[PDB]
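The structure appears right after this line, and notes come after that.
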Amino acid sequence: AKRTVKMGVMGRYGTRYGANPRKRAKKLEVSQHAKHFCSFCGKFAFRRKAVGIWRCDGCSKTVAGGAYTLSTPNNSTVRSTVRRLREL
Amino acid sequence: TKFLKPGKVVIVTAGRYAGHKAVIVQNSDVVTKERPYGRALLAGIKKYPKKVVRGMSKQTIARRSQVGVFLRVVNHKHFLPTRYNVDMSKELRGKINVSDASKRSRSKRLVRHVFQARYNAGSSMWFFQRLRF
Amino acid sequence: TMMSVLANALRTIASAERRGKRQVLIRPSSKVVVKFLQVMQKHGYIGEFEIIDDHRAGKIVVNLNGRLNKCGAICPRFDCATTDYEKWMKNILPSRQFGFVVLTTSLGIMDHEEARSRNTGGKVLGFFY
Amino acid sequence: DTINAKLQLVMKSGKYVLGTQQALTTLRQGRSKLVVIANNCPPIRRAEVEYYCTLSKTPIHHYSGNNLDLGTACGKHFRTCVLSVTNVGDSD
Amino acid sequence: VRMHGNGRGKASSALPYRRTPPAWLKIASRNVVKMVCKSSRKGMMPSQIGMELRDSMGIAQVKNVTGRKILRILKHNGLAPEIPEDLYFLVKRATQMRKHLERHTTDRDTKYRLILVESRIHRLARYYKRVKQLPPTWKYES
RNA sequence: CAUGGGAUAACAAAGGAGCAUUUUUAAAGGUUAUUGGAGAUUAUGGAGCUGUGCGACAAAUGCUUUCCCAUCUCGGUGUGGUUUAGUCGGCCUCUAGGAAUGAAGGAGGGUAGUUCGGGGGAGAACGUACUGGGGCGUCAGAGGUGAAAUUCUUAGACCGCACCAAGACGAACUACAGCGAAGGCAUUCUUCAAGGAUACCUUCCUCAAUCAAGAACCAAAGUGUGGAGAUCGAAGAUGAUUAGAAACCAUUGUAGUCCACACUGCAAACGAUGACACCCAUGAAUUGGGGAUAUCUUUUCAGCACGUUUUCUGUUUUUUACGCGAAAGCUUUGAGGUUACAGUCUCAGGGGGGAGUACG
RNA sequence: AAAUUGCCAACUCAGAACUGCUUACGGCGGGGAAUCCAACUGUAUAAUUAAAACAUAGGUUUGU
RNA sequence: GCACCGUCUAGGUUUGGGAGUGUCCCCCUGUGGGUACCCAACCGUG
Ligand SMILES: [K+]
Ligand SMILES: [K+]
Ligand SMILES: [Mg+2]
Ligand SMILES: [Mg+2]
Ligand SMILES: [Mg+2]
Ligand SMILES: [Mg+2]
Ligand SMILES: [Mg+2]
Ligand SMILES: [Mg+2]
Ligand SMILES: [Mg+2]
Ligand SMILES: [Mg+2]
Ligand SMILES: [Mg+2]
Ligand SMILES: [Mg+2]
Ligand SMILES: [Mg+2]
Ligand SMILES: [Mg+2]
Ligand SMILES: [Mg+2]
Ligand code: NA
């Protein structure tokens, strides 16, 4: 059964940091503890090991990524921009 | 298709002779109870001839130019085929035997003599180059 | 989506009669539509009509003498006992002297006067006068 | 995609083998008719399979998707890096 | 056209009243059956098979020649598609959209089209389950 | 509750390879009556169960087949049409397969013009302009208004030229035009899914219409977090104008305006007109796709493109027939086909307020 | 239908009958309705002040 | 003003001149070897 109604992983904090700071930290915590898709090896196995370090459980490849997500939107934009500048 | 021809140079990727170059003598794509895998009899370089430079005596050149040879049957998965070849005559392949111990030793001596002559003739020089890795 | 072929056919005939057309094309056709047309033709409210086969729901071309003031379908097909004929004549017919209510009886499709004479009830299909 | 239709047809009627090791086994024999490699494949493994295909004169196709996409296009619930069709099964 | 949209297109084919194959069509019924069966084995859906015969062999209608429909011929030989042909194409449609929407999350128009395609699938699949062309407990998965 | 009728319907089943010949005869094999009851035991046959033959029938689909190898002018008919006929075949393995309403001017798929479009997403570059900067000149005002002043200005404003920066935006072309479910959508190029219309002797075979509950999208304003901030500008300020002016006007100016993600889901979110389906008079047009057959261009996205005439399907419309309406008005785009009141579904209303308030 | 036969260990948790209490070791929250402060956990005047003070996540400025 | 200090280049474009033979066994294919230069002049700059 469901154990909490609204707060998920933030239920560890009890009642003692405020609804909105908990809400803001919740999304980044859930992202940083989730399994992220690995473009190598095609598995959902990327886990964070310290801020900005992502290691895949499948192929054991370690990548430098974002603080709480594997790839930041800025990184995708920069990759596309650099590819386009290479093709020019 | 069917490139695993006798005479084709292969590189062994497994076992004690990993990285050593070998020549297919007899290919066996049919499985048996004793050997339930695709296999091939490999005549391979156990010891490549050493680099010899100008200014060394005939004796040391002869010592450094000796070729060591191994003759074993190896699973297909444990060597990597190449496009290089060493010509194996039909009679020469027919002489190589691994049935008995004495026949195995005689075949090893024959393969050693043939490879030494091949190295002396300056043919298949890639086959006598040691793989660096 | 067309739900009632009979209602569509009777609506098309009534429109053509209001406009004073000589012929009207009915599409699609059905056994019930042809049975209804034969009842009206029996009492003289329409002329000859022709059924055109097209290996589907066919078409009907009806010749119209100007005797048909109005024809229409009654939806849903309400059940009608032999005692309910006078109620339906009162509700939908212009008079007790002319006009017909068409019924689906187990004896076939017939006008209310014929059904009353056969002592049979059924479901009301429509009317014409 | 044409390759997706061809792969679906081979799954339907032809004979095929999945995985790099079984593909290499079919290449060592004279059985492979077409080899499909995902763009996800590790470069050294792809080079080895391509070398086998060149030695065996086997056609080689570079799939536009990754191993997950190749597995999905095969109708499978797992990922395949290399596909080897042994019988086209009237495909091509 | 009509379902899931405001389109009112009438474009279609009008089958002829005269079903007899023309006198100049000398292909026998058995040879046509071999043609459709070998064309399916070549990997063509029933619709593609019919267009091939129509455009090249002069066979306007396979049914008017062999007495049987193309899908019926494939079923008799066991060549019928496992998933019905149209349900296959819609599922392929939804898959291709979803692959597109992975990279373009802001493509809200394709998201809107995706809802229609799936809400169409769940009625077509309901039909095939009720008609037992599909197994019970067959579910479309996103 | 019983019985009669079976037209209209309902329920159930199926989804069509997911399927299904009879009758003579003989022979071979493997806990019943009747023996006078009753209690065992036996064997003999019926009758079925298979297989071996045998005779007579059928058969909704041709085994006198099919496939696989191998050798090679005469009659009839009508007052001129009709089957001929004059001007390969013999062998060698198997073989259950063709009997199924039709394809709706209902739905869904397919293929094609690599069609059509300010449709969506992404990326790049372009264009002037506003603003701000310096560079090069100039010198006394410039700005703004009913008139002024707040404001800027020898510190060089304004103005002029060529430049930059940054953020918006995409003029004229731009229309009773196109696209989109609605909200909405205008530079070019390159891309990613789509969508519709048309064409079709492609496939399929009722799969549909509309909907409580339930779900998704949704202008602007507003909210949260990042970014951006050129322009304009709620609050505020100041100068005017006024009896007063917390406004309109002038100079400003914060939040906002722009982008990303997440909320919000209250618009005159209007055609103040729910969705689907049928009939429906007239004339000019218009957008897209197809049929058929006067003019212009015609060295390559080109057997082109446009354009004329006619037709057609689909779209947005306009002018002037019934009919309807309280009227204004609507009219194949209904608000028509309704007291001669019944095609289908659904939402909402029942004098004005209180009040879209109180409470939950 | 090994869905059966033999052996064997460790603790428990229930239910039942009978029979008792002098309510009888130690250990072990009193509770409720509110008001003012500080969000909270923390720190802190060794030797008279532990607090509402300090810190603290958050928030905003400044310089570079 | 003439000299001298004070000169060499990958690679690219390209002038003028050749010179070994597609060629040498295999043992058809296939295999194993070996050759396909020098110079000039302009870019270019290690
Ligand atoms: K249809
Ligand atoms: K304390
Ligand atoms: Mg609908
Ligand atoms: Mg100046
Ligand atoms: Mg423009
Ligand atoms: Mg806004
Ligand atoms: Mg904001
Ligand atoms: Mg902040
Ligand atoms: Mg301003
Ligand atoms: Mg409202
Ligand atoms: Mg309204
Ligand atoms: Mg258009
Ligand atoms: Mg009009
Ligand atoms: Mg405190
Ligand atoms: Mg503590
Ligand atoms: Na305190």
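Letters go in sequence order (proteins before strands), and every chain restarts at 1.
The shortest distance between the side-chain N/O atoms of E/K75 and the OP1/OP2 oxygens of F/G15 is not below 4.0 Å. In terms of phosphate contacts, C/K70 brings a side-chain nitrogen or oxygen within less than 4.0 Å of OP1 or OP2 of F/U338. OP1 or OP2 of G/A39 has not a single side-chain nitrogen or oxygen of A/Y17 nearer than 4.0 Å. Within the 4.0 Å cut-off from OP1 or OP2 of F/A277, at least one side-chain nitrogen or oxygen of E/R8 is found. Here E/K69 does not reach the OP1 or OP2 of F/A100: none of its side-chain N or O atoms lies under 4.0 Å away. The phosphate of F/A122 (OP1 or OP2) has a side-chain N or O of E/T106 nearer than 4.0 angstrom. In terms of phosphate contacts, C/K21 brings no side-chain nitrogen or oxygen within less than 4.0 Å of OP1 or OP2 of F/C280. For the OP1/OP2 pair of G/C40 and a distance below 4.0 Å, the side-chain nitrogens and oxygens of A/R16 include no atom meeting the criterion. Phosphate contact (OP1/OP2 of F/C279, side-chain N/O of C/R27, threshold under 4.0 Å): present. Side-chain N/O atoms of E/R126 include none lying less than 4.0 angstrom from OP1 or OP2 on F/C207. For F/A194, one of the phosphate oxygens OP1 or OP2 lies less than 4.0 angstrom from a side-chain nitrogen or oxygen of E/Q96. Listed pair E/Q61 / F/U203 meets the phosphate criterion, a side-chain N or O lying under 4.0 Å from OP1 or OP2. Checking the phosphate oxygens (OP1, OP2) of F/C279, no side-chain nitrogen or oxygen of C/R19 falls inside 4.0 Å. The phosphate of F/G15 has neither OP1 nor OP2 within less than 4.0 Å of any side-chain N or O from E/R130.
In the set F/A7, F/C67, F/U111, the nucleotide with an atom closest to the side chain of C/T104 is F/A7. Residue C/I74 places its side chain closer to F/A342 than to any other of F/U203, F/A342, F/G18.
Residue-level contact check: C/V32 touches the backbone only, with heavy atoms under 4.0 Å from sugar-phosphate atoms and none from bases. Residue-level contact check: C/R11 touches the bases, meaning some heavy atom is under 4.0 Å from a base atom. Base engagement by E/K132 is indicated by at least one non-hydrogen atom pair under 4.0 Å involving a base atom. Among the heavy atoms of the strands lying under 4.0 Å from C/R18 are primed sugar atoms or P, OP1, OP2 only; no base atom is included. Using a 4.0 Å heavy-atom distance criterion, C/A9 is classed as making no nucleic acid contact. Backbone-only engagement by E/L90 is indicated by non-hydrogen atom pairs under 4.0 Å involving sugar-phosphate atoms exclusively. Among the atoms of the strands shown, only primed sugar atoms or phosphate atoms (P, OP1, OP2) are found under 4.0 Å from some heavy atom of E/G7. As judged by a 4.0 angstrom heavy-atom cut-off over every strand, C/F78 is placed among the base-contacting residues. Among the atoms of the strands shown, none is found under 4.0 Å from any heavy atom of B/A121. At the heavy-atom level, E/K111 lies nowhere under 4.0 Å from the strands shown.
F/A17 has E/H76 stacked on its base ring, the centres lying under 5.5 angstrom apart and the planes within 30 degrees of parallel. For the pair E/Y112 and F/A216, the ring geometry does not qualify as stacking, because the centroid separation below 5.5 Å and plane angle under 30° are not jointly satisfied.
Atoms CZ (E/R113) and P (F/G108) sit 14 Å apart, rounded to a whole Å.
One can find a donor-acceptor pair under 3.5 Å joining the base of F/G105 and the side-chain atoms of C/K59.
Here B/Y119 and B/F127 keep their ring centres 6.0 angstrom or further from each other.
Annotated as not stacked: the bases of F/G244 and F/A245, by the 5.5 Å centre and 30° plane rule.
With A/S31 contributing its side chain and A/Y68 its backbone, the two residues share a donor-acceptor pair below 3.5 Å. At distances below 3.5 Å, not a single donor-acceptor pair connects side-chain atoms of C/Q23 with backbone N or O atoms of C/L64. Under a 3.5 Å cut-off, the side chain of B/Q116 and the backbone N or O of B/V67 do form a donor-acceptor pair.
Rounding to the nearest 0.5 Å gives a distance of 12.0 Å between CE of E/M51 and CE of E/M45.
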